[PDB]
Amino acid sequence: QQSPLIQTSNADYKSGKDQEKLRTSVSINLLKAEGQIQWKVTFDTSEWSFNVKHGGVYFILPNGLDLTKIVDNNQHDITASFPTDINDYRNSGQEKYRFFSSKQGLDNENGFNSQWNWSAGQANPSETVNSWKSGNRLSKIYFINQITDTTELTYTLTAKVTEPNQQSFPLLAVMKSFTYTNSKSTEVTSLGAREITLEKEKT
């Protein structure tokens, strides 16, 4: 029910012998997929120095799934921390928890394409991830700023299937530094992605 894990990053020779570690820092693992899908996202923050200069993480959901619950690495249900209206003042850039939606806004600072470009679009995404974006398969981004941990962080996400004629569901997650950059002066950014397949329900 899950395709092979995709990991990409814009880390390059400037990161030296951490390049490969930075590239393979994000993982996604299906827990259960049976009108609901539940998955875990793991960010290995060990080589990122977020306790010196903070980073951020992003969870990207496809059209056809609506997030119902997200639990952080402290087992705290943070679902209600995210705005639901992209233009809410509590969704501005000073805020720790932010939400972006292709149904609400595309370009501008709180647009889904801008925030893609600042996250997965920066992480040298592969053709599979780029085809999800160009085919308008992806729609929501949940973002957490002020990540300062140095361990592996696991988030557990649950979503409801909203499209009854859909079997394939791309899931993605991204982490970056907001200070350290690659040789091209772009924030070091890494991604993890897998596609989930649901069995067709007989009716």
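A residue's number is simply how far along the shown sequence it sits, counting from 1.
- Count the deposited residues lacking coordinates between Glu152 and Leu153 and you get none at all.
- Remark: stretch with higher mean C-alpha B factor among 107-115 and 73-81 is 73-81.
- Per-stretch averaging of Cα B factors for 25-33 and 167-175 places 25-33 on top.
- Ranked within its chain, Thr181 lands in the middle third, by CA B factor from the PDB record.
- Ranked by C-alpha B-factor against the other modelled residues of its chain, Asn145 falls in the lowest third.
- Per the deposited record, the Cα B-factor of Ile6 falls in the lowest third when ranked against the other modelled residues of its chain.
- The PDB entry assigns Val161 a C-alpha temperature factor belonging to the highest third of its chain's modelled residues.
- For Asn124, the recorded CA B-factor ranks within the lowest third of the chain. Only modelled residues enter the ranking.
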